[PDB]
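First comes the structure, then the notes that go with it.
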Amino acid sequence: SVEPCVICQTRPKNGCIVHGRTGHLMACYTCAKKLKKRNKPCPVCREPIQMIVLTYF
Amino acid sequence: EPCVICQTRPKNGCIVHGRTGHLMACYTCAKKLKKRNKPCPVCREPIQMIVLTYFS
Ligand SMILES: [Zn+2]
Ligand SMILES: [Zn+2]
Ligand SMILES: [Zn+2]
Ligand SMILES: [Zn+2]
């Protein structure tokens, strides 16, 4: 999607939530860290945030 | 923004090296690069890991 981060609605989607061989790119990196830090699941699949990847194009 | 290699499939292959990832290629072209021991196209750094990427 060409939309911004689902949480802050301002920063770009650059926080790949990675769980196994798939990642879910919906949030910015800082909002993705905030979810993981507060022990929140992946917004898309509600599966635990195994790791977060600062994504660039 | 199609895959830079096959110019057809979407960019869904996150080349991951450390905590940063470079999203320029599709997953199957990204596998092909890693398989053949080719570096990351963007930074020419080793492909540690490839991630099939999907949006919300
Ligand atoms: Zn955000
Ligand atoms: Zn997920
Ligand atoms: Zn491709
Ligand atoms: Zn790279």
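These protein sequence lines are chains Y and C, in that order.
The numbering of the first sequence is the UniProt record's numbering, which starts it at 425 and goes up by one.
The numbering of the second sequence is the UniProt record's numbering, which starts it at 427 and goes up by one.
We put the beta carbon where it would ideally sit given N, CA and C, even for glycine.
(message) To test your reading of the DSSP string, which unbroken alpha helix (DSSP H) runs of 4 or more residues are found completely within the UniProt domain "RING-type" (429-470) of chain C?
(response) Taking only runs of at least 4 residues, the alpha helix (DSSP H) segments lying wholly in the UniProt domain "RING-type" (429-470) of chain C are 453-461.
(message) Please determine whether the Cβ atom of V468/Y lies at a distance below 7 Å from any heavy atom of ligand 2.
(response) At least one heavy atom of ligand 2 lies less than 7 Å from the C-beta of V468/Y.
(request) Taking C-beta pairs closer than 7 Å, name the residues in chain Y that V442/C reaches, listed in chain order. (result) Annotation: Cβ neighbours of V442/C in chain Y (cutoff 7 Å, chain order): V477.
(message) For a cutoff of 8 Å on Cβ pairs, would you count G439/C as touching chain Y?
(response) Residue-level contact check: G439/C does not touch chain Y, since none of the beta carbons of chain Y fall below 8 Å from its beta carbon.
(request) Closer than 7 Å by beta-carbon distance: list the chain Y residues that pair up with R462/C, in chain order. (result) The contacting residues do not exist; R462/C stays about 19 Å from chain Y at best.
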